[PDB]
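Notes for the one structure printed next.
First the proteins, then the strands, lettered A, B, ... as listed; each starts at 1. Hydrogens, waters and symmetry mates play no part in the numbers below; they use all other heavy atoms, side chains included.
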Amino acid sequence: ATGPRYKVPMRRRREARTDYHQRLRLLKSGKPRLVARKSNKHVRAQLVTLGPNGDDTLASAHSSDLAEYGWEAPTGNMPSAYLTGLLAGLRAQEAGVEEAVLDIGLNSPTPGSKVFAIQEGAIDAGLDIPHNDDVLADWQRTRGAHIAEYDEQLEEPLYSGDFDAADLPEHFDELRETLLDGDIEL
Amino acid sequence: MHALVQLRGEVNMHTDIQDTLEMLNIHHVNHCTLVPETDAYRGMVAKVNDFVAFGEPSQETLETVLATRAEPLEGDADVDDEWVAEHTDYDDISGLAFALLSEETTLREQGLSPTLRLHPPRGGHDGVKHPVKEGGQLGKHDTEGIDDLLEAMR
Amino acid sequence: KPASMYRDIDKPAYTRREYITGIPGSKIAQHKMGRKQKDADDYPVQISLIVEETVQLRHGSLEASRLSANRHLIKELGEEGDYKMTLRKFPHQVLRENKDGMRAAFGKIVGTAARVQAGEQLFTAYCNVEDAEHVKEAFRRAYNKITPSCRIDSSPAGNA
Amino acid sequence: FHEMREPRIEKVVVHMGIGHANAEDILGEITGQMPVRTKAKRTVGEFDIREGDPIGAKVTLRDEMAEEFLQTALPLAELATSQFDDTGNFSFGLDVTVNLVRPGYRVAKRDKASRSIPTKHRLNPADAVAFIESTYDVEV
Amino acid sequence: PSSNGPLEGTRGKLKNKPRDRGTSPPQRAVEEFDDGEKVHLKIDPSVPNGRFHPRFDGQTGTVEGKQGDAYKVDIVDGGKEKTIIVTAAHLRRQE
RNA sequence: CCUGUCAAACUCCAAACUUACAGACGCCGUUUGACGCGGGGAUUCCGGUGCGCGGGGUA
RNA sequence: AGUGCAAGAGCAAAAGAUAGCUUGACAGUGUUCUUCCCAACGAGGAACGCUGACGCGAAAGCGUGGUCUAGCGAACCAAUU
RNA sequence: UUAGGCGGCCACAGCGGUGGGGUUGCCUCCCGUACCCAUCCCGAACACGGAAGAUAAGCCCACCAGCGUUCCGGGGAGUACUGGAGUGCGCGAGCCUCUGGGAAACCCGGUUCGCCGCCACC
Ligand SMILES: [Cl-]
Ligand SMILES: [Cl-]
Ligand SMILES: [Mg+2]
Ligand SMILES: [Mg+2]
Ligand SMILES: [Mg+2]
Ligand SMILES: [Mg+2]
Ligand SMILES: [Mg+2]
Ligand SMILES: [Mg+2]
Ligand SMILES: [Mg+2]
Ligand code: NA
Ligand code: NA
Ligand code: NA
Ligand code: NA
Ligand SMILES: [Sr+2]
Ligand SMILES: [Sr+2]
Ligand SMILES: [Sr+2]
Ligand SMILES: [Sr+2]
Ligand SMILES: [Sr+2]
Ligand SMILES: [Sr+2]
Ligand SMILES: [Sr+2]
């Protein structure tokens, strides 16, 4: 911008959306990337592969299409993230994808976080992904227990649109139950 | 189709320039060859530009030179209409001359040596130290200029 | 030392001060003469001294010619005459001299010169239609102190 | 339009630039939360050749902690127009700096797709003196 | 030359054009080539490792295999056949 | 702002040209066997001149 | 800017800074280039592998010393494992 | 792509500026700290939980050329420089002719306020 000699960062760098150094180390595996992302309200998991004119998403799942299988709960929590990973994972298996490397983009590797939940979900779907068990939240938290107890400290329902009062991780179970099943229209 | 006549000897000429002439089948002073006007050949003549005289000859001129200096790929069999007719895809020299000028064939294709070994220019040439535009004999010529030279060397 | 020793451009450009030390100071006292508070546009006449050959002019020569030129313009128009003259070239080329046979010959630094391509303006004056003949005479004296032949070219001045 | 434009306090940073500390204790009481050590850079003739080593302390307050502090702190100063930043900030004094900004300032503080705040959304000295003065005190 | 190290006289060829300065895009550092493919050799100033001898810059060789992630490229230095170990970052497909 | 100048160890630019690989044409090779490979025998390792480009030096 | 030291070159969510942890400045054996353009020549050097054992990291991955090009030494003999 | 994710090329994409856009949709800002996790001090950030409010930031859509950049026309310029040739010129440094190539600065007028790929989505 200042002159002929000025160096402008690559576009995805200005936009502060792509860590190119991590990207490179990621691509060095030769495997597909399980692109785990999250929004204030949603969570998205994509299986991306390298292409001539750009990346190629072979399969993917969004927390939105989770309802499509019987989900009346919010979509920005742990149970949401895990199930979304599993959904994307299952679809990945469908398209012939068998292994991946977790790409958490610009999110932090916080133990028990959602990007890791997406990963645990994707792994259960039968996908082979290099991981570390002691960095994944404990089963119960994945189910959504942590939020149930929070609702126990009631006085005012945690959720506005009455999905339920004391909330239900058992719903998480019903949905995972529905996904791990064969039938399911992926 | 341009006619190429070497007018300057090999002593002291760049080797890559001398090899170019040889690739164009000329190995002696006063030897002439006919070259198609292709981009590849164009570069070649442009490279030998200072040691040769070239240009497009007239149908008649070509015919005179062929009758007088054309030779078989091998042997001393004189080349005349009968030779041409009994040995080529043409009826006489004119047919050959025309096909050559129109780049439809080559001397080799018709069993003739690629080279026309001309005679020294009767009455001498315009000198080999200057190009045509400066009164010399080197470089590209008019169809008339080339005809004058080729005929004096018939 | 004869200018025959340095007048030609037969050596690489040698001007890098960061790699050369002991460079003698220039003898050129001023590059802008006359009334330098005024613009050259304010004059009807503009005459330049043009060098006819490419050469190198040692600073000692620029000073002598420039001096014998401006000196005349001062004696003829006054220490404040309404005119202005410029020496547009600066001696950037450092010169040497090998002053022990041809062994370790790289010379020591002895001076500076300005490279002037043929056809260039070495000097340029701006005067009024009156003092036009005085500047032409100042240049006649100047080109007598530099190597090449010169042309005294008159630019804006159709008062012939 | 005005709701997501009306100023607020991002942080109140109390700090004592000493030069060699034992002063942390008072800040810990006048503010309410733990202070932090301050290291220096570059060697200094004034017997300050040690690069990394305690020289000061500061406390950054946000939300209530910040307000509850200013309530009893602001009355201790005589604010002036000069004492204001070109960004809409002011510091008085033991130093007391007040960082003011508009709602979504996070856009420039987050890790993902962060972005610099447009000059239009940047607070102004004028818009700053107002908000503040418009709450328990006077200007110039 | 005054010295004979590997980077002797390589000021130009190993310097980046100002605007190409900075970490290079990962795509060409992960590119895959097949045996027999023609590849132009050119060191990328921004990439430290996987380089070949600067003297070879400008060669167009033939991939004949791999050694780890690096490629073994066949070239002819003058009249001498040589094998060069080089990473994709410093290679480009011909045509 | 305007106005006067530069760079062998400066470069926002930038040739001619040199150069890797390939295709085409040319030339050449498959009884004159090219290209390549193995082996025998050397001589040679004071060079010079013109032209082009130089670096040193008043030359 | 910094990055130990010449010069030229490389580097910005880093190759720089701070903090923490750690000993890959590891063992075995190669490929290739360099040394020595072309074109044979040793020591030395570098890039890139396989095997073993490890460090850190969620993991991809990084680590065969210091971002790159200087910091080096035959046979005989001695000491050492 | 009525606002999304991962990218390729890496300023034609930068700098600056104007206008337009969102009731259970999207992205955000935004609300809030029991948990996982977090600040050498701060739920600021990171992380988690969430919808009262908002389109003012961001973002997306439409657009402006003043600066920077890309390409194009016309002029500079077939100039500067240059591969091949010469019993052409010059005391000489050097120049010229023929043949084959051929800039840069700068001015004027246009272009450029990204293009493209995969996935998802009233
Ligand atoms: Cl994200
Ligand atoms: Cl190599
Ligand atoms: Mg015969
Ligand atoms: Mg004559
Ligand atoms: Mg150079
Ligand atoms: Mg001994
Ligand atoms: Mg010992
Ligand atoms: Mg608006
Ligand atoms: Mg003469
Ligand atoms: Na401290
Ligand atoms: Na780069
Ligand atoms: Na060796
Ligand atoms: Na907005
Ligand atoms: Sr000389
Ligand atoms: Sr004279
Ligand atoms: Sr050369
Ligand atoms: Sr290294
Ligand atoms: Sr907050
Ligand atoms: Sr003389
Ligand atoms: Sr042309």
Side-chain angles (χ1 to χ4, degrees), chain A residues 1-5 8 10-12 19 25-26 28-29 35 37 39-40 44 46 48 51 53-57 60 62 74 77 101-102 108-113 116 130-132 135 137 141 146-147 149-150 153 160, chain B residues 23 38 40 46 49-50 129-131 133-134 139, chain C residues 4-5 8 12-16 19 31 86 88-90 92 98 102 105-106, chain D residues 1 3-5 10-11 33-37 59-62 102-104 106-107 109 115 117-118 121, chain E residues 5-7 11 14-15 25 27 38 45-46 48-51 53 55 58-60 67-68 70 77-80 82-85 94:
Chain A
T2 303
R5 204 163 190 170
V8 177
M10 297 189 279
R11 206 195 68 228
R12 286 223 117 194
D19 179 335
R25 273 128 46 187
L26 231 30
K28 281 184 176 177
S29 55
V35 178
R37 256 77 175 68
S39 184
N40 283 342
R44 160 152 39 195
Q46 299 163 303
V48 185
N53 310 289
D55 292 315
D56 269 302
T57 302
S60 57
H62 189 293
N77 41 60
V101 165
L102 176 67
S108 301
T110 308
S113 300
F116 287 152
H131 63 283
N132 197 314
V135 79
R141 188 182 175 73
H146 64 295
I147 194 183
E149 301 186 306
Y150 187 37
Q153 301 172 55
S160 186
Chain B
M23 277 171 220
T38 297
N49 182 276
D50 314 289
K129 292 187 175 308
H130 295 286
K133 286 184 177 177
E134 289 183 55
Chain C
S4 55
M5 285 167 81
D8 306 308
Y14 191 52
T15 76
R16 305 302 296 286
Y19 308 109
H31 273 74
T86 307
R88 40 226 304 180
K89 296 299 185 185
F90 293 72
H92 294 298
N98 176 37
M102 282 310 297
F106 200 74
Chain D
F1 73 89
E3 181 179 55
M4 298 303 259
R5 278 269 302 181
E10 168 179 50
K11 64 179 175 179
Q33 80 181 202
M34 266 194 72
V36 212
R37 292 277 184 166
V59 190
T60 64
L61 302 176
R62 292 184 141 82
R102 296 198 165 73
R106 170 182 174 67
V107 172
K109 293 293 178 176
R115 207 78 47 165
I117 296 306
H121 213 67
Chain E
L7 312 191
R11 200 210 275 220
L14 294 191
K15 189 174 68 152
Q27 192 90 324
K38 290 295 188 178
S46 307
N49 305 307
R51 304 183 174 199
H53 191 293
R55 178 172 290 153
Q59 283 295 316
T60 304
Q67 189 157 293
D77 185 26
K80 172 117 190 168
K82 304 187 185 180
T83 294
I84 295 185
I85 302 302
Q94 174 175 41

Euclidean distance for P, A93(H) against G54(F) (whole angstrom): 13 Å

Would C37(H) and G43(H) pass as a Watson-Crick or G-U wobble pair if both distances have to be under 3.5 angstrom? yes

Would you confirm whether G66(H) and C15(H) are paired, taking Watson-Crick (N1-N3 with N6-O4 or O6-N4) or G-U wobble (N1-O2 and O6-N3) geometry and requiring each distance to be under 3.5 angstrom? yes

Taking any heavy-atom pair under 4.0 Å as a contact, classify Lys11(D): base, sugar-phosphate, or nothing. nothing

Any strand, both distances under 3.5 Å, Watson-Crick or G-U wobble: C13(F) pairs with none

Consider the side chain of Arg5(A), meaning its heavy atoms from C-beta on, and name the nucleotide among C12(F), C41(H), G8(H) that approaches it most closely. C12(F)

Do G73(H) and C108(H) meet the pairing test, Watson-Crick or G-U wobble with both distances under 3.5 Å? yes

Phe90(C) CZ - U5(F) P separation (whole Å): 8 Å

Which residue lies toward the 5' end of RNA chain G, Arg51(E) or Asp19(A), if each is placed at its nearest nucleotide? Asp19(A)

Here, do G50(H) and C30(H) pair up as Watson-Crick or G-U wobble, each distance under 3.5 Å? yes

Planes under 30° and centres under 5.5 Å for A75(G) and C76(G): yes

For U18(F) and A85(H), measure between their P atoms and round to the nearest Å. 12 Å

Partner nucleotide of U33(H) by Watson-Crick or wobble geometry (both distances under 3.5 Å): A47(H)

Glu10(D) atom CD is separated from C42(H) atom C1', nearest whole Å, by 11 Å

Report major or minor: the groove whose paired-base atoms sit under 5.0 Å from any side-chain heavy atom of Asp50(B). minor

Among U5(F), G26(F), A44(H), which nucleotide has an atom closest to any side-chain atom of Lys109(D)? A44(H)

So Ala70(E), base contact, sugar-phosphate only, or nothing? Heavy-atom distance under 4.0 Å. sugar-phosphate

Under a 3.5 Å limit for both distances, which nucleotide forms a Watson-Crick or G-U wobble pair with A42(F), could you say? none

Provide the Watson-Crick or G-U wobble partner of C91(H), both distances under 3.5 Å; none if there is no partner. none

Rounded to whole angstrom, note down the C1' distance from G49(H) over to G22(H). 25 Å

From the options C6(H), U97(H), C10(H), select the nucleotide whose nearest atom is closest to the side chain of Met10(A). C10(H)

From the set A57(H), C29(H), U99(H), return the single nucleotide nearest to any side-chain atom of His121(D). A57(H)

Regarding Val36(D), tell me which of base, sugar-phosphate or nothing describes its non-hydrogen contacts under 4.0 Å with the strands shown. base

So what does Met4(D) hit on the nucleic acid, given a heavy-atom distance under 4.0 Å: a base, only sugar-phosphate, or nothing? base

Rounding to an integer number of Å, can you tell me how far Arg102(D) CZ sits from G58(H) P? 13 Å

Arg37(A), nearest nucleotide to its side chain (from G5(H), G58(H), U5(F)): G5(H)

Hey, is the side chain of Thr2(A) pairing donor to acceptor with the base of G14(H) inside 3.5 Å? no

Just the rounded figure in Å: distance from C1' of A120(H) to CG of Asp55(A). 15 Å

Classify the side chain of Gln46(A) and the base of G5(H) as holding, or not holding, a donor-acceptor pair under 3.5 Å. yes

Under 4.0 angstrom, heavy atoms only, what part of the nucleic acid is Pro109(A) near: base, sugar-phosphate, or nothing? base

Among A47(H), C15(H), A120(H), which nucleotide sits nearest the side chain of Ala1(A)? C15(H)

Give a yes or no on whether a donor-acceptor pair under 3.5 Å exists between the nucleobase atoms of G114(H), that is its base, and the side chain of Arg11(A). yes

Pairwise P distance, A54(H) and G21(H) [rounded to whole Å]: 16 Å

Rounded to whole angstroms, how far apart are CZ on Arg106(D) and P on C29(H)? 5 Å

Which base, if any, makes a Watson-Crick or G-U wobble pair with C60(H), both distances under 3.5 Å? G20(H)

Indicate syn or anti for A80(H), taking the glycosidic torsion and treating anything within 90° of 0 as syn. anti

Searching all strands shown, indicate the nucleotide that pairs with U3(F) (Watson-Crick or G-U wobble; both distances under 3.5 Å). none

With heavy atoms under 4.0 Å as the rule, sort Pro6(E) into base, sugar-phosphate or nothing. sugar-phosphate

May I ask you to say whether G71(G) and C72(G) are base-stacked, judged by six-membered ring centres under 5.5 Å apart and ring planes under 30 degrees? no

Are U79(H) and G78(H) stacked, with six-ring centres under 5.5 Å and planes under 30°? no

Does a distance-only test, which skips hydrogens and angles, find a donor-acceptor pair under 3.5 Å between the side chain of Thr60(D) and the base of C42(H)? yes

Toward the 5' end of RNA chain F, which comes first, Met5(C) or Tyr19(C), by nearest nucleotide? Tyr19(C)

Rounded to whole angstroms, how far apart are CZ on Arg12(A) and P on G114(H)? 17 Å

Spacing of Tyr150(A) atom OH relative to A34(H) atom P, expressed in whole Å: 6 Å

Say you pick atom P in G101(H) and the same atom in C67(H); how far apart are they, in whole Å? 39 Å

Going by centres under 5.5 angstrom and planes under 30 degrees, do the aromatic ring of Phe106(C) and the base ring of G56(F) stack? no

Counting side-chain heavy atoms from CB outward, which of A22(F), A56(H), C29(H) is closest to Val107(D)? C29(H)

Per the 3.5 Å Watson-Crick/G-U criterion and a run length of at least three, the stems involving RNA chain G are G:7-9 with G:67-69, G:26-34 with G:44-52, G:54-56 with G:61-63

Quick check: on RNA chain G, is the nucleotide nearest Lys15(E) upstream (toward 5') of the one nearest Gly79(E), or the reverse? Name the residue that is more 5'. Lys15(E)

Contact interval (first through last nucleotide) of RNA chain G with protein chain E, 4.0 Å heavy-atom: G8(G) to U69(G)

Base stack present between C35(F) and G36(F), cut-offs 5.5 angstrom and 30 degrees: yes

Could you state the atom-to-atom distance from CZ of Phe116(A) to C1' of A47(H) in whole Å? 12 Å

Of the options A93(H), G68(H), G8(H), whose atoms approach the side-chain atoms of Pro4(A) most closely? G68(H)

So is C25(F) sitting in a Watson-Crick or G-U wobble pair with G29(F), both distances under 3.5 Å? no

Who pairs with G7(H) - Watson-Crick or G-U, where each distance is under 3.5 Å: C116(H)

